[PDB]
Amino acid sequence: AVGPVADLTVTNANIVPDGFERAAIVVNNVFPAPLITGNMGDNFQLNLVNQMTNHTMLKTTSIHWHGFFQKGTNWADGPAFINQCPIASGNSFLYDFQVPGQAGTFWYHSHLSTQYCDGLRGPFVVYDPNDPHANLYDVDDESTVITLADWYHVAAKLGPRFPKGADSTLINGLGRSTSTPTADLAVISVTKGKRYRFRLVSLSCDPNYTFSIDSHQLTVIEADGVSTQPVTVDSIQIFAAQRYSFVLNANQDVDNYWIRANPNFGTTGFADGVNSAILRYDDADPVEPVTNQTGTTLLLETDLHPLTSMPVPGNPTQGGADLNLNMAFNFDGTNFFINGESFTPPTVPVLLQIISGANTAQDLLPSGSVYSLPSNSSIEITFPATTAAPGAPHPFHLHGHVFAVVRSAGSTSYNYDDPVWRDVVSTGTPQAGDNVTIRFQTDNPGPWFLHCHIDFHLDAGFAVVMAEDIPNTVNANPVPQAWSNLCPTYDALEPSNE
Ligand SMILES: *[C@@H]1O[C@H](CO)[C@@H](O[C@@H]2O[C@H](CO)[C@@H](O[C@@H]3O[C@H](CO[C@@H]4O[C@H](CO[C@@H]5O[C@H](CO)[C@@H](O)[C@H](O)[C@@H]5O)[C@@H](O)[C@H](O)[C@@H]4O)[C@@H](O)[C@H](O[C@@H]4O[C@H](CO)[C@@H](O)[C@H](O)[C@@H]4O)[C@@H]3O)[C@H](O)[C@H]2NC(C)=O)[C@H](O)[C@H]1NC(C)=O
Ligand SMILES: *[C@@H]1O[C@H](CO)[C@@H](O)[C@H](O)[C@H]1NC(C)=O
Ligand SMILES: [Ca+2]
Ligand SMILES: [Ca+2]
Ligand SMILES: [Ca+2]
Ligand SMILES: [Ca+2]
Ligand SMILES: [Ca+2]
Ligand SMILES: [Cl-]
Ligand SMILES: [Cl-]
Ligand SMILES: [Cu+2]
Ligand SMILES: [Cu+2]
Ligand SMILES: [Cu+2]
Ligand SMILES: [Cu+2]
């Protein structure tokens, strides 16, 4: 692990995580990117050193630290053309921020076009030295982080605009494709009698995964950075960019057990050990499992509740917030729309537009994609599922905030008492008549992206910007010189160096 102070050097390399070799983007020479760690409240000084050469996978980059509120450091949040211009190859840029009040399981990824799919993605864990759940487990370290990643044999800018599924599922960077049925599988080691805090991180560009471990129950204790009341289940469905911690008690026989991560589409099931890894007890032989799934209980989001009381902003009725927004989805075969408008990156990043003086949603580009939020207010946003936006279930993500999921996918109820707080939520399906509904309070001035975290959909415009407390965006987020220099440098590049 690296951090809280570290250089992250981004290069291109040929890698073979599923036994097939392809050109990719790696960080500190590895895919997934290395685990970054620190403790609650730490100052992260993460110096991104960009050495990429491959124009097809994009030579410039910008990094988002997923789930961190970035209060007062909106310029460090990462979305290209929202919070910064991209960093040029041959240059470095220091992300310098703090994580007060947060501890949990996070990740980081390129936030320029679909670049994270080509490899710039990895896990990020912030430990709590006084973790209230510490008594539930014995081991919590780099060996208990479990990443899930969809992997494509053809690069993001070379394959279909909307891929049909991934070629392999990688668990801790390893997995099999149908064409590589003997590729090395990841091994997660446990010792009989010990309890483990496994930190499950979706690095997905698109599919959700139904995750389980043969013969072992999973006690979920955290969702998207926020500690929850414990819930014991057999399987977890984890959407793109979500995170869970669960406790596993290694109380079965010394043996090998399959870890299963079944995507919603693509190559499904487990023939020849695709979509699989190995839970290997110490003292077991180094062979593949032959275990079966026995689980029957899939985690419901409605059974997730915060460990500490987190009251829901606003009145306990539909439309009961100070500002109530609905996000109406559409699609034209190529581009996605929200309330009739498709997100194309503006030339000038939204934060720099505001610094220059834009002070209404309507003076901000792209046209009709930016929403002004008043400060110190409760906000309700609904994301009704609709057949007008193919690719459901769309997992939506709000930057700068956690939010209360008052109504979850697959449920018709509204919980204003103790809903889960998290940062990525499935918006469900039109068949179920879903109308996923979130609440949050505006205490964090800055433009914050709100978008589907299926990266192919984001790149096709499925996004809006929450311009929170416009009058104090500049006051709250003083910018460093290096940030002010990004756009002039970027805009002076040849297009082939983008
Ligand atoms: C900057 O980054 C980019 C993006 O990462 C790099 O792009 C790469 O460019 C190369 C050259 O244009 C592309 O090559 C194609 O490579 C594939 C696969 O190579 C081969 O595997 C073959 C086996 O057949 C396949 O089985 C695999 C699974 O094993 C399946 O994935 C696949 O569908 C086939 O069934 C084997 O025959 C080869 O010897 C090699 O191992 C080739 O299939 C493909 O071949 C052609 O297809 C084209 C049209 O697409 C056609 O013209 C040919 O006649 C033949 O049918 C190409 O050779 C890579 O796919 C690109 N990589 C990615 C990830 O998209 C770029 O190289 C990089 N720049 C630098 C300087 O490094
Ligand atoms: C909310 O109100 C408090 C007290 O008036 C003020 O300190 C704070 O800056 C306000 N929050 C925002 C985001 O404007
Ligand atoms: Ca292309
Ligand atoms: Ca036995
Ligand atoms: Ca036994
Ligand atoms: Ca527009
Ligand atoms: Ca204010
Ligand atoms: Cl703190
Ligand atoms: Cl806030
Ligand atoms: Cu993210
Ligand atoms: Cu984010
Ligand atoms: Cu989507
Ligand atoms: Cu984002």
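Residues numbered from 1 in each chain as written, not as in the entry; some residues may be left out. Chains lettered and ligands numbered in written order. Heavy atoms only, no water. Residues with missing side-chain atoms left out of burial classes, pairs and counts.

- Method information in the entry identifies X-ray crystallography as the source of the structure, with 1.500 Å recorded as the resolution.

1. Some thoughts on the domain arrangement of the protein
- Assigned domains of the protein: these are domain 1 (1-132), domain 2 (133-308) and domain 3 (309-498).
- For domain 2 versus domain 3, the separation of C-alpha centres amounts to 29 Å.
- Every contact between the two is made by 25 residues of domain 2 and, on the other side, 30 residues of domain 3.
- Counting the surface lost from both domain 2 and domain 3, the interface buries some 2,200 Å², and carbon and sulfur atoms represent 58% of this.
- Of all residues in domain 2, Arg161, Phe162 and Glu301 give up the largest surface area on contact with domain 3, accounting jointly for 25% of the area buried on that side.
- For the pair domain 2 and domain 3, the interface holds 3 salt bridges.
- Linking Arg422 and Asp224 is a salt bridge whose minimum nitrogen-to-oxygen distance equals 2.8 Å.
- Across the domain 2-domain 3 interface, the total number found is 12 residue pairs in polar contact.
- Tallied by class, residues from the side of domain 2 that touches domain 3 come to 13 nonpolar, 6 polar and 6 charged. (Domains from an automatic or database assignment. Contact = heavy atoms within 4.5 Å. Buried area = accessible area lost by both parts, 1.4 Å probe. Salt bridge = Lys/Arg side-chain N within 4 Å of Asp/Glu carboxyl O. Polar contact = N/O pair within 3.5 Å; in protein donor to acceptor, adjacent residues only side chain to side chain. Nonpolar A, V, L, I, M, F, W, Y, C, P; charged D, E, K, R; others polar.)

2. Looking at the UniProt feature "binding site: Cu(2+) 3" (unreviewed entry) in the protein
- Under the feature "binding site: Cu(2+) 3" (unreviewed entry), the UniProt entry names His111, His399 and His451. Across 341 residues in sequence, these annotated residues keep their C-alpha atoms within 11.9 Å of one another, forming a single compact spot.
- Mapped onto the fold, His399 is located in the loop between strand 25 (395-398) and strand 26 (403-407).
- If near-sequence neighbours (up to four positions away) are discounted, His399 is found in contact with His64, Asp77, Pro79, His111, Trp448, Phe449 and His451.
- As for its position among the elements, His451 is in strand 30 (residues 446-452).
- The class of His451 is buried, set by a relative accessible area of 1%.
- If sequence neighbours within four positions are ignored, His451 has contacts with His111, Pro395, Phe396, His397, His399, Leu458, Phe462 and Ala463. (UniProt positions renumbered as here; feature names shortened; annotations may be inferred. Helix = DSSP H or I, 4+ residues; strand = E, 2+ residues; numbered from the N terminus. Buried < 20%, exposed > 50% of the residue type's maximum accessible area, 1.4 Å probe, protein only.)

3. Digging into the pattern of salt bridges
- By the definition in use, this model includes 14 salt bridges.
- Across the pair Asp118 and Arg22 runs a salt bridge whose closest N-O atoms are separated by 3.0 Å. One end of the pair, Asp118, is in the loop between strand 7 (104-110) and strand 8 (121-127); the other, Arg22, is in strand 2 (residues 22-27), with 96 residues separating them in the sequence.
- With a shortest N-O distance of 3.0 Å, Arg121 and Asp150 are connected by a salt bridge. Within this pair, whereas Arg121 is found in strand 8, its partner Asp150 is found in strand 9 (residues 145-151), the two being separated by 29 residues in sequence. Grouping residues by exposure puts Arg121 and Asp150 together as buried.
- Among the ionic contacts, a cluster of salt bridges with common partners joins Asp131, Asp140, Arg197, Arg199 and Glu222.

4. Some words on the state of the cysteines
- Applying the stated criterion across every chain, the model contains 2 disulfides.
- One disulfide bridge connects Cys85 with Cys487, the sulfur atoms lying 2.1 Å from each other. With the S-S dihedral at roughly 100 degrees, the linkage between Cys85 and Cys487 falls on the right-handed side. Of this pair, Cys85 sits in the loop between strand 5 (63-66) and strand 6 (92-98) while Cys487 is found in helix 4 (residues 481-491), placing the two residues 402 residues apart along the sequence. We note that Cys85, like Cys487, is buried.
- Between the sulfur of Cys117 and that of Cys205 lies a disulfide, 2.1 Å long from S to S. (Disulfide = S-S within 2.5 Å.)

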